[PDB]
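Enquirer: I'd like to ask you about the structure that follows.
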Amino acid sequence: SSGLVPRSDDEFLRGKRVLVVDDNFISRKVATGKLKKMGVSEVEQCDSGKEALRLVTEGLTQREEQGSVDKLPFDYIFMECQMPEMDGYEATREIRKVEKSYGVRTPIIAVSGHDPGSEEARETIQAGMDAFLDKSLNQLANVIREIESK
């Protein structure tokens, strides 16, 4: 159902910027709606691993160039694991490589319709995801509090 990966709630994410990455238009609106109801300050949504990598790449650059107080363009990224073309593992890997250069690490939570198997669990770690969540997102608040202890 949900958990960490080794290396009322309506103000729960107030102050937060989130990116939702999901190839499925309906899933995607549901995710962003759920996040809005938790008081999220900005939700950004995109439909592909490549778009996500773009938005994070440009966001990091922009914040660096402006000397922004917050250097992360998103406090959390929810990343669909299985997507055509660049899946969420590969996107996460590329995000981690883009971030190296800034000395930052965005919390990236893998979203999946099923519990990972061996090989997906292995990809989850190698990619550098922080946590995993089933696509209902029921445990989203939980998982985000876990990440914040860490």
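Going through the structure tokens in order, the chains are called A, B, and so on, while each chain numbers its residues from 1 and the ligands are numbered from 1 in the order shown.
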Excluding same-chain residues fewer than 3 positions from region 40-42 of chain A, what lies within 8 Å of it counting only C-alpha atoms, as a PyMOL selection string?

Expert: chain A and resi 11-18+35-37

Enquirer: Would you please give, as a PyMOL selection string, all residues of chain A that DSSP assigns to strand (DSSP E or B) based on the backbone?

Expert: chain A and resi 2-4+17-21+42-46+76-80+108-112+131-134

Enquirer: How would the residues just chosen look if you wrote them out with N, CA, C and O atoms as a short mmCIF file (atom, residue, chain, number, x, y, z; two decimals), in the first residue's frame?

Expert:
```
data_model
loop_
_atom_site.label_atom_id
_atom_site.label_comp_id
_atom_site.auth_asym_id
_atom_site.auth_seq_id
_atom_site.Cartn_x
_atom_site.Cartn_y
_atom_site.Cartn_z
N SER A 2 2.00 1.38 0.57
CA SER A 2 2.81 2.64 0.79
C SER A 2 4.05 2.46 1.66
O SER A 2 4.01 1.72 2.61
N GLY A 3 5.12 3.20 1.44
CA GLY A 3 6.27 3.16 2.38
C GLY A 3 7.54 3.83 1.87
O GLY A 3 7.64 4.25 0.70
N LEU A 4 8.51 3.96 2.76
CA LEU A 4 9.77 4.60 2.45
C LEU A 4 10.66 3.71 1.58
O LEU A 4 10.53 2.52 1.59
N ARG A 17 4.46 23.53 -2.69
CA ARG A 17 4.39 23.46 -4.13
C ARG A 17 4.52 21.92 -4.49
O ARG A 17 5.48 21.23 -4.07
N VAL A 18 3.61 21.38 -5.31
CA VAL A 18 3.74 19.95 -5.70
C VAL A 18 3.68 19.74 -7.20
O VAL A 18 2.95 20.46 -7.87
N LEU A 19 4.50 18.81 -7.75
CA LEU A 19 4.32 18.40 -9.12
C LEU A 19 3.69 17.00 -9.09
O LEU A 19 4.23 16.09 -8.44
N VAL A 20 2.63 16.82 -9.88
CA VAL A 20 2.00 15.57 -10.13
C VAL A 20 2.38 15.14 -11.54
O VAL A 20 2.10 15.85 -12.51
N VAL A 21 3.00 13.98 -11.64
CA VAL A 21 3.38 13.38 -12.95
C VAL A 21 2.57 12.09 -13.20
O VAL A 21 2.76 11.10 -12.49
N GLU A 42 0.71 25.56 -4.54
CA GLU A 42 0.70 25.39 -5.99
C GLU A 42 0.76 23.88 -6.35
O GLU A 42 1.52 23.11 -5.75
N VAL A 43 -0.09 23.44 -7.27
CA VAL A 43 0.04 22.13 -7.82
C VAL A 43 0.32 22.36 -9.26
O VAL A 43 -0.41 23.05 -9.89
N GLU A 44 1.31 21.67 -9.80
CA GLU A 44 1.65 21.69 -11.22
C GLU A 44 1.47 20.22 -11.69
O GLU A 44 1.60 19.25 -10.93
N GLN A 45 1.10 20.03 -12.93
CA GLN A 45 0.73 18.72 -13.35
C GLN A 45 1.38 18.53 -14.72
O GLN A 45 1.37 19.43 -15.55
N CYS A 46 1.92 17.36 -14.97
CA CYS A 46 2.36 17.09 -16.31
C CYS A 46 2.15 15.60 -16.68
O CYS A 46 1.92 14.70 -15.80
N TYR A 76 7.55 18.51 -3.32
CA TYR A 76 7.25 17.12 -3.48
C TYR A 76 6.89 16.88 -4.96
O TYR A 76 6.23 17.65 -5.61
N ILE A 77 7.28 15.73 -5.46
CA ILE A 77 6.95 15.31 -6.79
C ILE A 77 6.31 13.94 -6.64
O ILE A 77 6.91 13.07 -6.00
N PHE A 78 5.13 13.77 -7.22
CA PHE A 78 4.48 12.48 -7.23
C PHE A 78 4.62 11.97 -8.63
O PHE A 78 4.10 12.59 -9.56
N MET A 79 5.29 10.83 -8.74
CA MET A 79 5.78 10.29 -9.98
C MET A 79 5.23 8.93 -10.34
O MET A 79 5.58 7.89 -9.74
N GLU A 80 4.36 8.94 -11.33
CA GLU A 80 3.84 7.71 -11.93
C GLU A 80 5.02 6.77 -12.35
O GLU A 80 5.95 7.20 -12.99
N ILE A 108 10.78 12.63 -3.99
CA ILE A 108 10.04 12.05 -5.11
C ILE A 108 9.35 10.74 -4.67
O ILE A 108 9.99 9.82 -4.17
N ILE A 109 8.03 10.71 -4.76
CA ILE A 109 7.24 9.59 -4.28
C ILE A 109 6.72 8.84 -5.47
O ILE A 109 6.00 9.41 -6.30
N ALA A 110 7.09 7.59 -5.59
CA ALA A 110 6.66 6.73 -6.72
C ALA A 110 5.15 6.37 -6.59
O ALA A 110 4.68 6.08 -5.53
N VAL A 111 4.35 6.54 -7.63
CA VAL A 111 2.99 6.22 -7.58
C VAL A 111 2.82 5.04 -8.54
O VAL A 111 3.32 5.05 -9.65
N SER A 112 2.08 4.02 -8.07
CA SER A 112 1.88 2.75 -8.71
C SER A 112 0.50 2.15 -8.36
O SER A 112 0.01 2.33 -7.22
N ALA A 131 9.96 7.37 -1.53
CA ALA A 131 8.87 6.65 -0.96
C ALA A 131 7.98 6.13 -2.10
O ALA A 131 8.18 6.48 -3.25
N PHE A 132 6.99 5.31 -1.78
CA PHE A 132 6.06 4.80 -2.78
C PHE A 132 4.67 4.83 -2.17
O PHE A 132 4.50 4.75 -0.95
N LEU A 133 3.69 4.96 -3.05
CA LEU A 133 2.32 5.21 -2.65
C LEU A 133 1.46 4.49 -3.70
O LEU A 133 1.81 4.49 -4.90
N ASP A 134 0.37 3.85 -3.28
CA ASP A 134 -0.54 3.25 -4.27
C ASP A 134 -1.31 4.41 -4.83
O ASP A 134 -1.38 5.48 -4.24
#
```

Enquirer: If we count only C-alpha atoms and set the cut-off at 9 Å, which residues sit around residue 99 (chain A), ignoring sequence neighbours fewer than 6 positions away in its own chain? Please answer as an MDAnalysis selection string.

Expert: chainID A and resid 56:57 60 105:106

Enquirer: Which residues in region 1-100 of chain A does DSSP call alpha helix (DSSP H)? List them as a PyMOL selection string.

Expert: chain A and resi 25-37+49-66+88-100

Enquirer: Return the single residue from A:67, A:22, A:126, A:59 that is closest to residue 87 (chain A), with distances computed using only C-alpha atoms.

Expert: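 Closest to residue 87 (chain A) of all the choices is A:22.
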
Enquirer: Tell me which of A:82, A:39, A:68, A:91 sits closest to residue 52 (chain A), counting only C-alpha atoms.

Expert: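 Answer, going by the shortest atom-to-atom distance: A:91.
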
Enquirer: Select, from A:113, A:144, A:7, A:102, the residue with the minimum atom-to-atom distance to residue 72 (chain A), counting only C-alpha atoms.

Expert: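 Closest residue, counting only C-alpha atoms: A:102.
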
Enquirer: Here is a test: counting only C-alpha atoms, which residue of A:53, A:10, A:34, A:27 is nearest to residue 139 (chain A)?

Expert: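 Of A:53, A:10, A:34, A:27, the one nearest residue 139 (chain A), counting only C-alpha atoms, is A:34.
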
Enquirer: Rank nothing, just name the residue among A:61, A:136, A:48, A:24 nearest to residue 88 (chain A), using only C-alpha atoms.

Expert: A:48

Enquirer: Identify, on the basis of only C-alpha atoms, every residue whose closest approach to residue 125 (chain A) does not exceed 10 Å; exclude the query and any residue fewer than 4 positions from it along the same chain; express the result as a list in words.

Expert: residues 5, 6, 7, 89, 93, 120, 121, 129, 130 and 131 of chain A
